[PDB]
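Ligands are counted one by one from 1 in listed order, and the atoms in each one are counted from 1 as well. Below, chains carry the letters A, B, ... as their sequence lines are ordered, and counting in each starts from 1.
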There are 2 protein chains.
Amino acid sequence: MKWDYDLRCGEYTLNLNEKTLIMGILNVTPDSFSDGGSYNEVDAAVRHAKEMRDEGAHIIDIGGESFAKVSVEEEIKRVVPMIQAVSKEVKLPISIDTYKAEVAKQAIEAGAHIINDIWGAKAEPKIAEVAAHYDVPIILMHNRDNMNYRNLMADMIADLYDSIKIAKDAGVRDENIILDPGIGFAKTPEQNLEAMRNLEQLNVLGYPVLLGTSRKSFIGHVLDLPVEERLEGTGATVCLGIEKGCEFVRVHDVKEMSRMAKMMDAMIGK
Amino acid sequence: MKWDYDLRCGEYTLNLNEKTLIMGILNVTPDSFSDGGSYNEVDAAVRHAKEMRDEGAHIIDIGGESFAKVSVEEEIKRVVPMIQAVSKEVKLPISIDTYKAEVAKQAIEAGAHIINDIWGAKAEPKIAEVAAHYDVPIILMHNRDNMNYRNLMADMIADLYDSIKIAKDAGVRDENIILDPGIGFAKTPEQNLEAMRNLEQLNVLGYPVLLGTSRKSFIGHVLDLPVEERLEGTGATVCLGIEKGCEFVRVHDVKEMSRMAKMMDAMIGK
Ligand SMILES: CN1CC(CC(C)(C)O)=Nc2c1nc(N)[nH]c2=O
Ligand SMILES: CN1CC(CC(C)(C)O)=Nc2c1nc(N)[nH]c2=O
C-alpha cells in the first residue's frame, strides 16, 4: 500500500509496509589491550546480536566509535571483525554506523548491508559514492554544527534535502534513501520534543523515515530519570513515531520496543 | 486551553489540561472467611493505594466485584470499609466502580468522589439520579449486550449519546460527564483495535474521555502474550490514546504508565 518497493539489502529484503522494522543497537565494548578482533569482544557482540535477533530485531546496527580514542585505521580494525562474525553468525541485515567513506567501504566489503550516516553525507560526501557503488541503502540523518534554527522543522527538511542532493548527485537511487530527523543532534531538549511532535512533516519528502530516540537525554530531561530508567520514556517516543509514520526505530531495548511496535502496528492498521 | 473548567471532586480538583490523569486500579482481593471490612483485606487495599499514590496515580478506582459471588448487600459491605480506609489514609479522589444505584450511593456516603459506570447509566438509570444528587463526576462507559454493529464508531457514539441523555435528563451537569469507549466490552478483538484507531471521533461529543485498556485480552490477541506479559502492549494503547486526546487512563501498572503518559504529554504539548 504505502511503499511500492522493498528495501533490497543484498541477501535480505525488508518490506516497508508489513510492520515497523526494529534496528537493534549492537553494544560494542572494546578490549582495552587490543587493536580489534579479539575473542572476548567479538564473542560479546555476536552473543548480543543473537539475543537481539531472538528478541525481534530486523537489523543490527554496528559502530566503530560510541571507550578508547581511535584513528580511521583503528576504527576499521574494530568494526571489520565484528561485521564478519555477526554476518556469518546472525541472519539479519547489518548497518554500519559511520560518517567516514573508507570505514563505510571496508564495512560493506566485510559484510555490512546498509550505511548509517549521522552526518547525512555532509562530513564526508564521498560516502555517498561508496553507497552509490555498492548499491546499498544509506540513512541520512539530520545533523549540523549549530542550533541556530530560524524555524526548526523547515530547517530540518531543508538540511535533509541538502543531504539527499549529495546522495543523488553521487548516483544514489531514491530507493536506497532512508531519512532520519537526528533526534538528540544539534537540538535543545525543547527542539527534540518539537521534532517529535512534528515528525509527520518528514513524510512529504517521500522517503522512509528511521527514528532513533532510545534512552536519549531529552527523555531524561522530561522524566528526570537517568539512562537506565528510560524504557517507558523511549517507549512513548517509539509509539508517537510509529503513529507519525516511521518505518524503522533504532533502539537498545529490543524485546520491549518490538512488543510496543507490534501493538502500535496492529492499532494504526500497518 | 482545551477545557474551560476543572473536574470538581469535593475536596480535590483535577485540571484536565495540565497532564494525563492516571486512574490506578485498586486490587481488591476479598477475605475468604469474611463479610467485608476485615483487617487483612482492608490493609492490603490501603497499602496498594499508597503504593499507587506514590507511583503517580491521580485517582484510585475501587470495585465491589472483579473471587466469591456477592449480593448488592454483600457488595456494599466489601466496598464501603475500603473506601473509608483509603479516603482517610490516601489523599486522592476515589472512583467507585459500580453500575448499581444503591452501591453508588453508599460508596459516596462512605467517601467516594466519582462514579465509574461500566453500563453507562443503562443497567440502572437511577444511578444517574445518584450522580445528580451528590453532584459527583460520573464516567459513562460504552457497553451493550451484543456485538451487532452496523458501524462500530457511529454506533458507539450513538450509544454513548443515549447514556448522556439519561445522565442529563436526571439532572447531571455537563461538567460531571466523562465518557469512555469501553474497550474490551461488547467488542471483538478487531473492533477493539478499530476503536483505538478511531478514538479521536469521541472528542466531537465535547466531554473528557477516559480510556481503559490495561492488560486486556485484545493486547494478548495481538501480542500472543498472557496477562502478566502485557505491559508494553498496554503502554502502546496508553500512548495512542493520549495522542488521540484522552484526558484519563485507567491502568494497573501505575509507575510505568505515569512515565509513558508524562513523556507523551511533553511531546504532544499538553
Ligand atoms: C549512530 N547513531 C548514534 C545515536 C546516539 C546514541 C549514541 C545515544 O544512540 N543516535 C542515532 C544514530 N544513528 C541514527 N541513524 N539515528 C540516531 O538517532
Ligand atoms: C470498571 N472497569 C473494569 C474493566 C475491565 C478489567 C476487569 C479488565 O479492568 N475495564 C474498565 C472499567 N471501567 C472503566 N471506566 N473503563 C474500563 O475500560
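Interface of A/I118 with ligand 1, defined as ligand atoms under 4.0 Å from a residue heavy atom, comprises 1 (C), 2 (N), 12 (C), 13 (N). Near A/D97, with a cut-off below 4.0 Å to any heavy atom, the atoms of ligand 1 are 1 (C). Those atoms of ligand 1 that come under 4.0 Å of a heavy atom in A/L210, given as number and element, are 15 (N).
Within 6.0 Å of OH on B/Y99 lie no more than 12 heavy atoms contributed by other residues, nucleotides or ligands. Heavy atoms from other residues, nucleotides or ligands lying under 6.0 Å from NZ of B/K216 number more than 12. Heavy-atom neighbours of A/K105 NZ from other residues, nucleotides or ligands within 6.0 Å: at or below the threshold of 12.
Comparing B/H252, B/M141, B/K216, B/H142 against atom 18 (O) of ligand 2, the shortest heavy-atom distance belongs to B/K216. One option in A/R250, A/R215, A/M23 has a heavy atom closer to atom 9 (O) of ligand 1 than any other, and that option is A/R250.
The shortest N or O to N or O distance between B/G212 and ligand 2 is under 3.5 Å. For ligand 2, the polar-atom distance check against B/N116 finds a nitrogen or oxygen pair separated by under 3.5 Å. Here's the thing with B/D180: one of its N/O atoms is less than 3.5 angstrom from an N/O atom of ligand 2.
A/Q191 places none of its side-chain heavy atoms less than 4.5 Å from the side chain of A/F218.
Each of A/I183, A/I242, A/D180, A/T20 was scored for a side-chain contact (heavy atoms from CB on, under 4.5 Å) with A/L211, with one residue passing: A/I183. Results of the side-chain contact (heavy atoms from CB on, under 4.5 Å) test with B/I59 over B/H113, B/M23, B/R250 single out B/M23 as the only residue that passes.
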